[PDB]
Amino acid sequence: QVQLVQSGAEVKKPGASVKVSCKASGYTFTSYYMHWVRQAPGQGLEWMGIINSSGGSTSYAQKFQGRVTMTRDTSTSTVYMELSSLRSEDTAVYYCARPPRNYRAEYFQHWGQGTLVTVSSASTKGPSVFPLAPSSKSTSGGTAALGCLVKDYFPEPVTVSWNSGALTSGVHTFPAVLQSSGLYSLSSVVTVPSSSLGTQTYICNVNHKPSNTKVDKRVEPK
Amino acid sequence: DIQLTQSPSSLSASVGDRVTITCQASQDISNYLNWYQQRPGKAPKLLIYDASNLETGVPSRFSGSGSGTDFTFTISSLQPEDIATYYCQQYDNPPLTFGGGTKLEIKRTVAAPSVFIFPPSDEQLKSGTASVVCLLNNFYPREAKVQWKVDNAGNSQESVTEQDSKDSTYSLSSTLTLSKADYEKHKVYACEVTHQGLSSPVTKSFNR
């Protein structure tokens, strides 16, 4: 299947640059254009520009003229978007997207997973992961709630899974809140049968790519 | 640039309802107008291209029509998994532009929150801070109130999930943070939840 796997999230100081990669597979790289589209948190979609995988000629929206550079390596099927002289309002999820064959058809049939770029003076901190243990006070008629609390981390995001992706039903991972300390805290919870608490192990898998933190915490009853 | 104006901004409809969203272009763009679906946490997804063509693999309940300046997008039978923000996009003239988005929520039956409370873990207390977590699970509609009562009565934070694709509910996480000493001081930790599903506020508590 067609895959566009994008590089990881990162924080950059104002005035610095980011280079976001997008490795493509499952199709003939050079037969397709690649576009870039960005989205600031809680906002709409903004087109940045287009590169021809064949040859590398580029065209950019006026507002990024002079600070965006799109390139591509045809030998690694990778597309690069570099944004220079970063400003606060460059904080966004950046997407690569490919349209169909041209044989003008600019609708994006495939998207990357997005890369959060955060423009900040603050420095990267990994998270502390604490368990929210199932108790009689997190039980409700045979339904028990457990979770884990991912605290004091920067920048966004973290990904949480449960039992390495096996447990998907009943899972809520809440949007991160920005504490007074300038750091983010998040909680992930899951509801399970109270029957399960003695028989099944629950482990939350927290991953913070910017700080290269990968924690696996077992949550057990109190 | 070609502006795209989308309407409504947001809407709530019931499963099975027919839903139509409109896009207007600031000038003639013929039929170079696409529709994308952005579900919570996910990248956008092409549903309709060139005003009316249904992208391959997209359910038949999605349709689009129009030409020139006025376009429509229709969901013929609204499904719970259709919760999302929908965007139009023109490509008649660069720069490619998007509309502002239409947020589509599901209207369902009233659902009261399941309230749970979590004392701070031992590990976190070792570190000198205590976070108490109050969970309001699977409730509808979205408006909910949480008041923290420490010893039966300023620094809590709340967070609401997007509407759940499965059962169309919301969930809410509230966290009260304290120094280890201030936590060890008080005895009763409660969160009092008010919501339309409850005939009266529910207090869920624990004793340290």
# chains A, B, ... in the order shown; residues from 1 in each chain; ligands from 1

$ interface_residues --of "chain A" --to "chain B" --cutoff "6 Å" --atoms "only C-alpha atoms" --output "list in words"
residues 44, 61, 109, 138 and 174 of chain A

$ write_last_selection --atoms "N, CA, C and O atoms" --output "PDB file, in the first residue's frame"
ATOM      1  N   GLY A  44      -7.142  25.801  10.598  1.00  0.00           N
ATOM      2  CA  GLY A  44      -7.434  25.224   9.306  1.00  0.00           C
ATOM      3  C   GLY A  44      -6.181  24.766   8.593  1.00  0.00           C
ATOM      4  O   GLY A  44      -5.088  24.706   9.160  1.00  0.00           O
ATOM      5  N   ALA A  61       3.733  28.904  -2.139  1.00  0.00           N
ATOM      6  CA  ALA A  61       2.821  29.995  -1.822  1.00  0.00           C
ATOM      7  C   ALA A  61       3.601  31.255  -1.461  1.00  0.00           C
ATOM      8  O   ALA A  61       4.678  31.197  -0.862  1.00  0.00           O
ATOM      9  N   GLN A 109      -4.494  12.592  -2.470  1.00  0.00           N
ATOM     10  CA  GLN A 109      -4.958  11.234  -2.194  1.00  0.00           C
ATOM     11  C   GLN A 109      -4.244  10.591  -1.025  1.00  0.00           C
ATOM     12  O   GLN A 109      -4.783   9.663  -0.422  1.00  0.00           O
ATOM     13  N   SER A 138     -12.375   3.637  41.474  1.00  0.00           N
ATOM     14  CA  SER A 138     -12.408   3.698  40.018  1.00  0.00           C
ATOM     15  C   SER A 138     -13.182   2.519  39.430  1.00  0.00           C
ATOM     16  O   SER A 138     -13.002   2.181  38.255  1.00  0.00           O
ATOM     17  N   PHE A 174      -6.245  11.965  26.718  1.00  0.00           N
ATOM     18  CA  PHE A 174      -6.784  13.309  26.718  1.00  0.00           C
ATOM     19  C   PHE A 174      -5.804  14.286  26.105  1.00  0.00           C
ATOM     20  O   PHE A 174      -4.591  14.071  26.141  1.00  0.00           O
TER      21      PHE A 174
END

$ select_by_dssp --residues "region 30-201 of chain A" --states "helix (DSSP H, G or I)" --output "number ranges by chain"
A: 30-31, 62-64, 88-90, 136-138, 163-165, 196-199

$ write_last_selection --atoms "N, CA, C and O atoms" --output "short mmCIF file (atom, residue, chain, number, x, y, z; two decimals), in the first residue's frame"
data_model
loop_
_atom_site.label_atom_id
_atom_site.label_comp_id
_atom_site.auth_asym_id
_atom_site.auth_seq_id
_atom_site.Cartn_x
_atom_site.Cartn_y
_atom_site.Cartn_z
N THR A 30 9.00 8.85 -8.63
CA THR A 30 9.24 9.98 -9.52
C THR A 30 8.05 10.32 -10.39
O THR A 30 8.09 11.34 -11.08
N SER A 31 6.99 9.52 -10.38
CA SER A 31 5.85 9.78 -11.26
C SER A 31 4.85 10.74 -10.65
O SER A 31 3.82 11.03 -11.29
N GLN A 62 3.03 32.41 -1.82
CA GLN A 62 3.73 33.68 -1.64
C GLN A 62 4.22 33.86 -0.21
O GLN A 62 5.37 34.24 0.01
N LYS A 63 3.39 33.54 0.78
CA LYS A 63 3.76 33.86 2.15
C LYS A 63 4.96 33.07 2.68
O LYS A 63 5.53 33.45 3.71
N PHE A 64 5.37 31.99 2.01
CA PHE A 64 6.54 31.24 2.43
C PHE A 64 7.73 31.46 1.52
O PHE A 64 8.82 30.98 1.82
N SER A 88 6.95 32.17 15.98
CA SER A 88 5.98 31.49 16.84
C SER A 88 4.86 30.87 16.02
O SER A 88 4.52 29.69 16.19
N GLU A 89 4.29 31.64 15.11
CA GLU A 89 3.15 31.15 14.36
C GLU A 89 3.54 30.16 13.27
O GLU A 89 2.71 29.81 12.43
N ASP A 90 4.78 29.67 13.28
CA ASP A 90 5.12 28.51 12.50
C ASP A 90 4.88 27.21 13.26
O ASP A 90 4.96 26.14 12.65
N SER A 136 -11.31 0.50 44.28
CA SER A 136 -12.76 0.47 44.45
C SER A 136 -13.39 1.80 44.07
O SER A 136 -14.59 1.85 43.77
N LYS A 137 -12.61 2.88 44.06
CA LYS A 137 -13.12 4.21 43.73
C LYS A 137 -12.91 4.57 42.26
O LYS A 137 -13.26 5.68 41.85
N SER A 138 -12.38 3.64 41.47
CA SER A 138 -12.41 3.70 40.02
C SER A 138 -13.18 2.52 39.43
O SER A 138 -13.00 2.18 38.25
N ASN A 163 -0.92 -2.07 26.30
CA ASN A 163 -0.49 -3.43 25.97
C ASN A 163 0.04 -3.51 24.54
O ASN A 163 -0.33 -4.39 23.77
N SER A 164 0.87 -2.54 24.18
CA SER A 164 1.57 -2.52 22.90
C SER A 164 0.60 -2.53 21.72
O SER A 164 0.92 -3.03 20.64
N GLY A 165 -0.59 -1.96 21.92
CA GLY A 165 -1.58 -1.83 20.88
C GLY A 165 -2.66 -2.87 20.92
O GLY A 165 -3.65 -2.75 20.19
N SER A 196 -11.40 -8.60 35.13
CA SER A 196 -10.09 -8.71 34.51
C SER A 196 -8.95 -8.31 35.44
O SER A 196 -7.80 -8.65 35.15
N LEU A 197 -9.24 -7.60 36.53
CA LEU A 197 -8.16 -6.94 37.26
C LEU A 197 -7.16 -7.94 37.83
O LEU A 197 -5.95 -7.70 37.81
N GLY A 198 -7.65 -9.07 38.34
CA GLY A 198 -6.74 -10.08 38.86
C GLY A 198 -6.08 -10.92 37.79
O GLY A 198 -4.94 -11.36 37.96
N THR A 199 -6.76 -11.13 36.67
CA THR A 199 -6.28 -12.07 35.67
C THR A 199 -5.42 -11.43 34.58
O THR A 199 -4.60 -12.13 33.98
#

$ residues_around --residues "residue 145 (chain B)" --least-positions-apart "2" --cutoff "10 Å" --atoms "only C-alpha atoms" --output "PyMOL selection string"
chain B and resi 136+142-143+147+158+172+191-196+201

$ residues_around --residues "residue 169 (chain B)" --least-positions-apart "4" --cutoff "8 Å" --atoms "only C-alpha atoms" --output "list in words"
residues 111, 138, 139, 140, 141, 163 and 164 of chain B

$ select_by_dssp --residues "region 19-190 of chain A" --states "strand (DSSP E or B)" --output "short mmCIF file (atom, residue, chain, number, x, y, z; two decimals) with C-alpha atoms, in the first residue's frame"
data_model
loop_
_atom_site.label_atom_id
_atom_site.label_comp_id
_atom_site.auth_asym_id
_atom_site.auth_seq_id
_atom_site.Cartn_x
_atom_site.Cartn_y
_atom_site.Cartn_z
CA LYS A 19 13.86 20.15 7.97
CA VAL A 20 10.96 17.69 7.86
CA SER A 21 11.35 14.51 5.85
CA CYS A 22 8.73 12.34 4.17
CA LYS A 23 9.78 8.87 3.01
CA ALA A 24 7.46 7.45 0.39
CA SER A 25 6.86 3.81 -0.52
CA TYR A 33 4.28 15.50 -7.34
CA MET A 34 4.54 16.07 -3.62
CA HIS A 35 2.78 18.88 -1.78
CA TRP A 36 3.17 20.27 1.70
CA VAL A 37 0.24 21.49 3.80
CA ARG A 38 0.46 22.85 7.36
CA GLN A 39 -2.04 23.22 10.19
CA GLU A 46 -2.73 25.94 4.63
CA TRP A 47 -0.96 24.99 1.41
CA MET A 48 2.79 25.61 1.41
CA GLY A 49 3.99 24.47 -2.00
CA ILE A 50 4.73 21.73 -4.46
CA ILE A 51 7.83 19.90 -5.72
CA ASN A 52 8.23 17.67 -8.77
CA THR A 58 9.41 23.81 -6.97
CA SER A 59 6.68 26.37 -6.49
CA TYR A 60 5.68 27.92 -3.16
CA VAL A 68 10.81 27.50 2.57
CA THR A 69 13.02 25.07 0.62
CA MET A 70 11.67 21.81 -0.80
CA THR A 71 14.05 19.12 -2.02
CA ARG A 72 13.92 15.41 -2.77
CA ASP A 73 16.26 12.44 -2.94
CA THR A 78 12.36 11.00 0.35
CA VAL A 79 10.92 14.51 0.14
CA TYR A 80 12.24 17.30 2.38
CA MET A 81 10.59 20.54 3.43
CA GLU A 82 12.83 23.03 5.24
CA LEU A 83 11.36 26.12 6.95
CA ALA A 92 2.13 23.60 13.31
CA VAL A 93 1.66 20.03 12.20
CA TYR A 94 3.27 19.79 8.76
CA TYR A 95 1.96 17.21 6.26
CA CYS A 96 3.32 15.86 3.03
CA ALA A 97 0.59 14.83 0.60
CA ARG A 98 0.68 13.30 -2.80
CA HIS A 110 -2.36 10.32 0.39
CA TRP A 111 -1.12 12.13 3.47
CA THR A 115 5.08 16.33 12.11
CA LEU A 116 4.49 18.72 15.00
CA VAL A 117 7.08 21.49 14.85
CA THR A 118 7.03 23.69 17.96
CA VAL A 119 8.83 27.05 17.82
CA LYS A 125 12.11 17.53 28.79
CA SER A 128 7.41 11.22 34.15
CA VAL A 129 4.85 8.42 33.81
CA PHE A 130 2.82 7.60 36.94
CA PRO A 131 0.09 4.94 37.19
CA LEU A 132 -3.56 5.77 37.89
CA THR A 139 -14.87 0.77 39.80
CA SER A 140 -18.48 1.11 38.60
CA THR A 143 -16.44 -1.74 35.09
CA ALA A 144 -13.08 -0.50 36.37
CA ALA A 145 -11.10 2.51 35.16
CA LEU A 146 -7.30 2.62 35.22
CA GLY A 147 -4.76 4.75 33.42
CA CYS A 148 -1.49 6.57 33.59
CA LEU A 149 -0.50 10.21 34.00
CA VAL A 150 2.24 11.56 31.70
CA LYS A 151 3.51 14.64 33.50
CA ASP A 152 6.07 17.42 33.00
CA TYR A 153 7.16 17.10 29.37
CA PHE A 154 8.09 19.34 26.45
CA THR A 159 1.75 8.87 22.11
CA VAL A 160 0.19 6.44 24.56
CA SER A 161 -0.89 2.92 23.75
CA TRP A 162 -2.02 0.06 25.98
CA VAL A 171 -9.17 3.95 25.73
CA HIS A 172 -9.23 7.74 26.01
CA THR A 173 -6.02 9.75 25.77
CA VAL A 177 -2.73 20.70 29.24
CA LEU A 178 0.04 23.27 29.55
CA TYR A 184 2.58 19.68 29.43
CA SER A 185 0.70 17.03 31.36
CA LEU A 186 -1.64 14.42 29.90
CA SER A 187 -3.61 11.42 31.12
CA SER A 188 -4.61 8.24 29.37
CA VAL A 189 -7.34 6.03 30.81
CA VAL A 190 -9.06 2.79 29.89
#

$ closest_residue --among "A:135, A:28, A:213, A:205" --to "residue 100 (chain A)" --atoms "only C-alpha atoms"
A:28

$ closest_residue --among "A:26, A:210, A:175, A:170" --to "residue 42 (chain A)" --atoms "only C-alpha atoms"
A:175
